[PDB]
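Undergrad: enclosed are the sequence and the experimentally obtained structure.
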There are 2 protein chains.
Amino acid sequence: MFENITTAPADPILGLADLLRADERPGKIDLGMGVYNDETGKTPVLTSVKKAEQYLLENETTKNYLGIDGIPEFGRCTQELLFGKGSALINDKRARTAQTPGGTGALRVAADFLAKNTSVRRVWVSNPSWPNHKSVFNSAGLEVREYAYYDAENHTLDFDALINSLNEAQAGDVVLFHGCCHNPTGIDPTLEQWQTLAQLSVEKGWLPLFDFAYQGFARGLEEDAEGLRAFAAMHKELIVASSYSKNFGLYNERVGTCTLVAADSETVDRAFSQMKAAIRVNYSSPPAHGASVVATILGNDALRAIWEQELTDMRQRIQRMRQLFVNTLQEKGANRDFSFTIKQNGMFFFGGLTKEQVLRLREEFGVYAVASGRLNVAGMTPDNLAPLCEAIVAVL
Amino acid sequence: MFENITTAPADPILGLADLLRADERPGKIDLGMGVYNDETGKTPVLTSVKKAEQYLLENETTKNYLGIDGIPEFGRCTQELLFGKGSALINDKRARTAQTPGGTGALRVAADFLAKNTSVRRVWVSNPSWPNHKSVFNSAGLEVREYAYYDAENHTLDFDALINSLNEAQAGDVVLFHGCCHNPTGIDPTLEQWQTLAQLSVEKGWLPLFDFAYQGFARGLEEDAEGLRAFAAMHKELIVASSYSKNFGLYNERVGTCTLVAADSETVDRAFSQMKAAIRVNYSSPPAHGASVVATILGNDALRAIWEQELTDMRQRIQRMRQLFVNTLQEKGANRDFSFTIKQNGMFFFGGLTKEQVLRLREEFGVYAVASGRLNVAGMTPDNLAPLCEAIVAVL
Ligand SMILES: *Cc1c(COP(=O)(O)O)cnc(C)c1O
Ligand SMILES: *Cc1c(COP(=O)(O)O)cnc(C)c1O
């Protein structure tokens, strides 16, 4: 059976781990996949998380199955994080949330749900976008089309091009939006632009699908939810996929959610039953640990206080790092000005390097970054900043 | 979009949780889904597990992503549990194992892998079988056909009918086998019958797919692996899906594996790259916690000793319970003799009740069991045995 099977091409993000693993050079700088690193270059488990874990260790009395949608408390806490304490969706009971295996599992579940329960055929993804988006939707059988977003020249959001290209999007099409910290550009639409998109969306009849993987990394939990909320106020239906991998540093515990919003509770329930069926035939029920940790923290005011402060520290370190980054590039003699990097939200740097420039970086300097020219700023430390900037300047 | 969506029918196993949840009657007896209960009717977290968890709490220094296939140590430990310490497959490097979200995730990953990378169109499942088997394969696009297995009259394995029906299975077809403790019959083929199936399999050109969810619940870890090993000795290719939900009591942490066996390391590697691609587009990487707990136990001889003893206790309690069950039914005046139940391996009782008899049981007695007449013996306790037998006798 397996004689003619072809070797699958390496993942553009995950594939870096292996190349890196095989590179015996000591001064390796890993700026590839988007995980947070502290000043020492380690990606530690948050103190709020450890505390939640001791709590679980001491009070967990069973490991019995979780129920297709997972921990109820977890689902409710995420709904308020997303829609807000007194959201109409919560009080009208128009939203049903399922605990999933990470943000990716959330996208896969939505896709399987859509592909088999609605007439959705096309999904619109921004150009550029997280590489795995196309893959996830295509494996579900959906056609993926792109819409303009980034302006390589001005390093901004080309709003007109976006609007124009989305005019080809027909009613019933799914349009995928990054909630905040757009991966990989880091350019997000203003609240005003979000409001314009919301109304255009309702008018054209698109089915909004929000991908929220970095809530709290741009400005703050609530502020980062602004776009979605402007959308949640005018739409009858929505799908929201979120991740807690990054904002809770629980990458490998696979914590995420998939929320369905419908005109009313009766419809959301019928629709949700089909999403649970799509889950049962995939992984059955979600992993408890990571979500328990999230529900405990969010549910306990003391632990929540520590957590929110940890997130704040994470965001602030990245902000300081990208500023220092630009400054060091200046003193190292960088021919090109990288000031725009400062206007980018999240963990990444994008727009100043070419595919060949990044190949040369790993090739002779051992600096690893995504081939698209995307660098993980959250991976730069005061110690590696200088060697890093010297390599980049030698490449420009 | 969601206006015409139909309500999905409740799961035959998982659906019991909800009915049960809505039944306010106090003397409810839950003999539905297959989870272990101790003498007190609780499904506790094993002591070996708690200890592994404290270890992790104290020594885990990061939560960084796990890599598509998961924890390497975990993969190796499962290979020896399955194939044996000095298995040829291990030493010739013909097997590649991926950590998955439970046994169900293992079946789904294999199915997606098969559907898109080979010419597999049909999968043969026993009659009867775990209900979710058909669903998993159908959602991947594969046609599912059944083969005879159980003899409702004699309460045995109708080996000739099985052989006969499998003659319709063509080369290149996948044939699914339960490693041990066949769900729901509890009837497993003798080692001699396994050897006959292995040779017939090689001769006809079937692609064996083993589902191992109860290793250690029939006779012992090694003994329960006999069938698979007789198959692993003659086959060039195989697929094995296993679960640690039941034998480690880690139901909600979603711990399982999907192992690929090929003629050689070069082919298994090409094939495995495609399985990782199928994973990346599903949930990306597996949940660490549950598998870490399994790798720690299996990797530490002291913890392993405690664990193996806990499994032994679990198996022994079920054995005592089904014997006491038959005995109590005798003294309660059961018209029908249920001695055959004693020849069944695993957690279940199957073959003595009809769909209506089980409906009447929940209906007026509050005894919950699967509509197929499958009862979870591991859920019977000395306390509920009497009330349980009185209801059954009142129903016969
Ligand atoms: C990280 C990320 C994801 C993945 O979520 P996981 O929890 O890692 O599966 C999804 N979408 C975007 C945009 C991301 O950045
Ligand atoms: C329990 C069971 C499974 C499910 O494995 P999970 O770890 O619960 O997903 C798969 N197959 C059989 C036969 C089972 O009994």
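TA: Nice, thanks for sending it over. Numbers count the residues shown, from 1 in each chain, chains lettered A, B, ... in the order given. Ligands and ions are numbered 1, 2, ... in the order given.

Undergrad: contacts, neighbours, all on C-alpha from now
TA: Noted.

Undergrad: what's the local residue count around residue A:343?
TA: Residue A:343 has 15 neighbours, counted by other Cα atoms under 10 Å in any protein chain shown.

Undergrad: can you check residue A:173 too?
TA: 19.

Undergrad: any part of stretch A:101-109 near chain B?
TA: Yes: for stretch A:101-109, a contact with chain B is found by Cα under 8 Å from any Cα of the partner chain, at A:101, A:102, A:103, A:104, A:105, A:108.

Undergrad: can you tell me the closest non-neighbouring residue to the first one?
TA: In other words, residue A:101. Leaving aside its sequence neighbours, residue A:101 sits nearest to residue A:254 (Cα to Cα, 6 or more residues apart in numbering or on different chains; 4.5 Å).

Undergrad: pretty sure that neighbour is touching residue B:289, no?
TA: No: with contact defined as Cα atoms under 8 Å, residue A:254 does not reach residue B:289; the gap is 9.7 Å.

Undergrad: looking at the two, which is more packed in?
TA: residue A:254 (32 against 22).

Undergrad: next up, the contacts around that one.
TA: Residue A:254 is in contact with A:100, A:101, A:102, A:103, A:244, A:245, A:287, A:290, B:285, B:286, B:287, counting by Cα atoms under 8 Å, 6 or more residues apart in numbering or on different chains.

Undergrad: for the second one, give its distance to residue B:290.
TA: Spatial separation of residue A:101 from residue B:290 under the definition Cα to Cα, to the nearest Å is 13 Å.

Undergrad: cool, and the fourth one?
TA: Distance of residue A:103 to residue B:290, computed by Cα to Cα: 19 Å.

Undergrad: now swap in the fifth one and tell me
TA: Counting by Cα to Cα, the separation of residue A:244 from residue B:290 is 18 Å.

Undergrad: same thing with the first one?
TA: Shown here: residue A:100 relative to residue B:290, a distance of 16 Å by Cα to Cα.

Undergrad: with neighbour numbers in mind, choose between these two.
TA: residue A:100 (31 against 28).

Undergrad: could you pull out the strands for chain A?
TA: A:29-30, A:95-101, A:122-127, A:143-148, A:150-151, A:156-157, A:174-178, A:207-212, A:238-243, A:255-261, A:348-349, A:367-368, A:375-376 (DSSP state E).

Undergrad: can you give me the neighbour number for the closest residue to residue A:114 other than its chain neighbours?
TA: Spatial nearest neighbour of residue A:114, chain neighbours left out: residue A:120 (6.2 Å); criterion: Cα to Cα, 6+ apart. By other Cα under 10 Å, the residues close to residue A:120 number 18.

Undergrad: residue A:120 against residue A:171, yeah?
TA: No: in this structure, residue A:120 is not within contact of residue A:171 by Cα under 8 Å, at 9.7 Å.

Undergrad: point to the residue nearest the middle of chain A.
TA: By Cα atoms, centre = their mean, chain A has its centre lying nearest to residue A:213, at 2.6 Å.

Undergrad: surely that one is in contact with residue A:104?
TA: No: applying Cα under 8 Å as the test, residue A:213 and residue A:104 come out as separate, 9.6 Å apart.

Undergrad: list the buried residues for stretch A:297-315?
TA: Across stretch A:297-315, burial judged by 16 or more other Cα atoms under 10 Å in any protein chain shown covers A:297, A:298, A:303, A:304, A:306, A:307, A:308, A:310, A:311, A:312, A:314, A:315.

Undergrad: enumerate the residues of the stretch 201-350 of chain A near chain B.
TA: Checking the stretch 201-350 of chain A against chain B by Cα under 8 Å from any Cα, the hits are A:237, A:249-254, A:262, A:267-271, A:273-274, A:277, A:281-289.

Undergrad: of those residues, grab the buried ones for ChimeraX.
TA: Per 16+ other Cα under 10 Å, the buried members of those correspond to this ChimeraX selection:
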select /A:237,249,250,251,252,253,254,262,267,268,269,270,271,273,274,277,281,282,283,284,285,286,287,288,289
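
Undergrad: excluding chain neighbours, give the residue nearest to residue A:166 in space.
TA: residue A:147 (6.2 Å).

Undergrad: so how far is residue A:157 from the one you found?
TA: Relative to residue A:157, and taking Cα to Cα, residue A:147 is found at 12 Å.

Undergrad: give the contact list for residue A:276.
TA: Residue A:276 neighbours (Cα under 8 Å, 6+ apart): A:68, A:69, A:98.

Undergrad: ok, the closest residue to the first one other than its chain neighbours to residue B:197 distance?
TA: The spatially closest residue to residue A:68, leaving aside those adjacent along the chain, is residue A:285, at 4.6 Å (Cα to Cα, 6+ apart). If you measure residue A:285 against residue B:197 using Cα to Cα, the figure is 33 Å.

Undergrad: how much space between the residue nearest to residue A:68 and residue A:65?
TA: Distance of residue A:285 to residue A:65, given as Cα to Cα: 7 Å.

Undergrad: swap in residue A:234?
TA: 37 Å.

Undergrad: okay, those two: which has more neighbours?
TA: Remark: of residue A:234 and residue A:65, residue A:65 carries more neighbours, 22 against 13, as counted by other Cα under 10 Å.

Undergrad: run through the residues that contact the more buried one.
TA: Applying Cα under 8 Å, 6+ apart, the residues near residue A:65 are A:285, B:251, B:252.

Undergrad: from these, which are also near ligand 1?
TA: Under the cut-off given by Cα under 6 Å from any ligand atom, ligand 1 has nothing from these close to it.

Undergrad: quick one: which of the residues you listed is nearest to ligand 2?
TA: Comparing the contacts of residue A:65 against ligand 2 with Cα to the nearest ligand atom places residue B:251 closest, at 6.1 Å.

Undergrad: excluding its backbone neighbours, what's nearest the closest one?
TA: residue B:245 (4.1 Å).
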